[PDB]
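In: I would like the atomic coordinates for the input below:
(one chain, ligands or ions: 2)
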Amino acid sequence: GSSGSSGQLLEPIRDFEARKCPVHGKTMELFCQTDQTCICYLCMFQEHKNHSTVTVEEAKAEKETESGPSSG
Ligand SMILES: [Zn+2]
Ligand SMILES: [Zn+2]
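Out: Numbers count the residues shown, from 1 in each chain. Ligands and ions are numbered 1, 2, ... in the order given. Take a look:
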């Protein structure tokens, strides 16, 4: 049948490529553990070199269901 609904969902760029470093301008794909703030790769190298930076994805795993052990 045709009648009914259809997924084919989609969404423009609203918050996908809008989270960039205000100092560099590079999409922030990391999260500092010292100041618990978002930062770019160029930052973890300079801005936050000492602090313990972790890929945003990693910081999330914590919020969501527990995660398995892995020696990053
Ligand atoms: Zn930066
Ligand atoms: Zn930091």
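
In: name the helices or strands packed onto the longest helix seen in the chain?
Out: In the chain, with assignment by DSSP state H, the single longest helix is helix 56-63. Helix 56-63 is packed against strand 30-32, with contacts defined by 3 or more C-beta pairs under 8 Å, 6 or more residues apart in numbering; DSSP states H and E. Every C-beta, even on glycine, is put in place using the N, C-alpha and C of the backbone.

In: which other residues reach the strand it packs on?
Out: Residues outside strand 30-32 that contact it (C-beta atoms under 8 Å, 6 or more residues apart in numbering): 37-41, 43-44, 48, 51-56, 58-59.

In: mind redoing it with 7 Å?
Out: 38, 39, 40, 41, 44, 48, 51, 53, 54, 55, 56, 59 (C-beta atoms under 7 Å, 6 or more residues apart in numbering).

In: count of residues packed around the fourth one?
Out: This points to residue 41. Burial of residue 41 is recorded as 15 neighbouring residues (other C-beta atoms under 10 Å).

In: and the first one, by the same measure?
Out: Here the neighbour count serves as a burial measure; for residue 38 (other C-beta under 10 Å) it reads 17.

In: quick check on it: phi, psi?
Out: When read as degrees, to the nearest 10, the backbone of residue 38 gives phi -80, psi 140.
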